[PDB]
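Same chain, two versions here, written out as structure tokens and called structure 1 and structure 2.
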Structure 1
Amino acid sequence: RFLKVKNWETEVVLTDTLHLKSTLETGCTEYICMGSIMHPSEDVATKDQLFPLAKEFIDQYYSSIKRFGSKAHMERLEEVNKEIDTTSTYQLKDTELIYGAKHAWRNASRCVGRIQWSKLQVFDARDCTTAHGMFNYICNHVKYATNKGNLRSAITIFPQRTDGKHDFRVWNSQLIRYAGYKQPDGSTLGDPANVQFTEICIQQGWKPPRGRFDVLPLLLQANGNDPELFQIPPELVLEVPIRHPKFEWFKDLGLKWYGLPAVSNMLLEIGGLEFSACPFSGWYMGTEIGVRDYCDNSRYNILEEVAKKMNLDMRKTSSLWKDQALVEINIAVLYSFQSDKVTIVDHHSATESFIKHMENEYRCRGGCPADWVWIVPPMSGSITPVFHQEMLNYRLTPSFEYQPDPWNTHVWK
């Protein structure tokens, strides 16, 4: 049955037919909704499971290019059946690889940035065999995507999983991240989100400069071997010093962030195939930049410190001192990136774009999967147009999936 979604601000009502085409489960049941669980519940598939999934993807592909049932389509289906038959797997044509990767982004229910979905630069790295080659492919990705600040969406796709013992993995969660150091007293130098990975890198031989914004080395695993450390040429890492248009002391917080958000620990699934290394990158929404959790000193947060320098009453919560210092930190982030002509988007324009994207998707595609819990920005939610937009969340393939951290699965040698 069709389903309606209403916008309660504009009273616009959209009809979803696209959800009838999903068959990956969401994790909810008729009796329990799990829409706020982050991962709501071995990975190597047999030929038996493979061809259905491959056939489904070849079918929607040849339907995307208005040739469903053509000689080309009939033949491509036979070609893939033969290849699954003899090799227990198959290889995507370049066109399929590009179409499938764009559509994984299009189907990412949690991504507010999807209006750009079809402008994606796809780098085919399926010939890669070693970590040195990964490092070369990733430097090219970084250099292309960054583009002296005029950022450009890209993805680099390394060879697909075979038996599971030969995975390609980028052990970093992002290509560019800052190191976090657990301290003597107990606090944290650098980015606290990365303390575990930082200790893994030190244990692997990395010599930490032990600063606040130490770019972490790339830790790269090719064909299931042990991972190897590589330093990204510093000239490829574009950074933005964070300053404030009104507060001239903000620059004295010593803060900066990197320009390129490039997520490197997810799994790309296309037509039954699993690409366990597929770093993809776009540009930031201002609210993502997690500099607020840095420690200015040995006791006070970037929130606490900013509100301190703003001379706010921090004795009680009802003064909303956290809320004021949050807005100012985000003003500073957007002002700084814009002053350096580094691509960034504010959460107002981003959510506005996404509503317009939803309209497009319901017109041409009969729906758009969307995860309200993740689409709604992490501040000022109800004054953005997504807050009052009803959304239907469902799981379409090709897709980006979660996968275990490699240091929990890997048998060293």
Structure 2
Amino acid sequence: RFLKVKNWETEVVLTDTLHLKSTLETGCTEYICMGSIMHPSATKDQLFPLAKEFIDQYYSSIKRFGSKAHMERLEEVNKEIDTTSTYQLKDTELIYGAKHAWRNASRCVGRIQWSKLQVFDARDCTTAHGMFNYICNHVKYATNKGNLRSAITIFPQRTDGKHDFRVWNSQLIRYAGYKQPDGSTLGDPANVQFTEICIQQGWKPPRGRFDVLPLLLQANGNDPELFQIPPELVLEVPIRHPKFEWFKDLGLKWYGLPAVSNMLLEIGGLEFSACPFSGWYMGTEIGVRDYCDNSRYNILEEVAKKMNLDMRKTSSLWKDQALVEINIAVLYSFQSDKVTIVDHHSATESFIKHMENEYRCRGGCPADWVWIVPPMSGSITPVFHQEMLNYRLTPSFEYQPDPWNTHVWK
């Protein structure tokens, strides 16, 4: 069936046909919706239909479906699976695949940018040192002195599962977190465990509030190895406020480059367990979640104090006031330093225009309202009033288990 989605602000109605193409499951059933669950629950014979599906849509995309090149590619891929239990993507295919995993990422509000993705092919990498070099080149290219550029670096595909490439970091650039004797936490609490693993593996921690973590890199299933990203490659922004001169005294800072490194990229049945991808920040990622989550830096108290707000009763909305001032500061700081950042109004507005684009040229756009709507000021952004259909298309980015739960060492 054709499915309609309505914007209750603009009364615009879109018709979704694209969902008919999806084959992966969402987790919901006719009787139970699991839309707010974070993660709802190969062989030769499995592999070829997935390969064929992907090759077909690639040649469909370049308007050469059923061509000589198409026919021959199908042939080629089948001999390669038969004789080696897997196959290799052409470079064009790799690029097509990576862009479309981004395009299909229902939880990403930044997808208007999807076809502007710099794809670095690192499938010839064999060691952790090689991984480090590739990652440094990625970071340097994507940072571009503040004029951030979207990029993905793709390491060799999974083979037998015992020879995985993995970036153990969840992002290429993150701050360490230290569990105090106090019982409290210095730095970023989200990373306390990873930090402990780095220390255990020989990393000498500065024990500051914003210590950049080392890279911890696993090549071909071997034990991971530690590397320091050269400091000059790590662009950082000191957070100050355009009116509160005391804000700089808080000593806050953050890094310019968000580069997620712990997801899995799947294309045509092949699995890329190491594929760090990066873009630029939406301000709330830092200002709302990274700084104000109770389980994160948790600075609301300190700010509201410096703002001399009455914090006895919750109905004074002192938290809400402090939250807005923090996000103002973050946006102002990045902008003053000419580091690319987008506010949640501009981003969601861009996403609405993107949905309209996709419905017109593609027959729909999979989108996850729970993640698309920003973590503050929800209903005064246009996505709040936008009905969305969430479904799973491939190529995709998938979650995978943390390496320290699978890997067995020396």
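Note that the rigid core is defined as the largest set of C-alphas that superpose within 1.5 Å between two forms. Only residues modelled in both forms are compared. One-based numbering along structure 1's sequence throughout.
Per-residue Cα shift between structures 1 and 2 after core alignment stays below 2 Å for all of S298, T95, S318, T86 except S298. Core-based alignment between structures 1 and 2 gives a C-alpha movement of 1.0 Å at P184. Comparing the shared residues between structures 1 and 2 on a common core, the single stretch of 3 or more consecutive C-alphas each displaced by at least 2 Å is 290-301.
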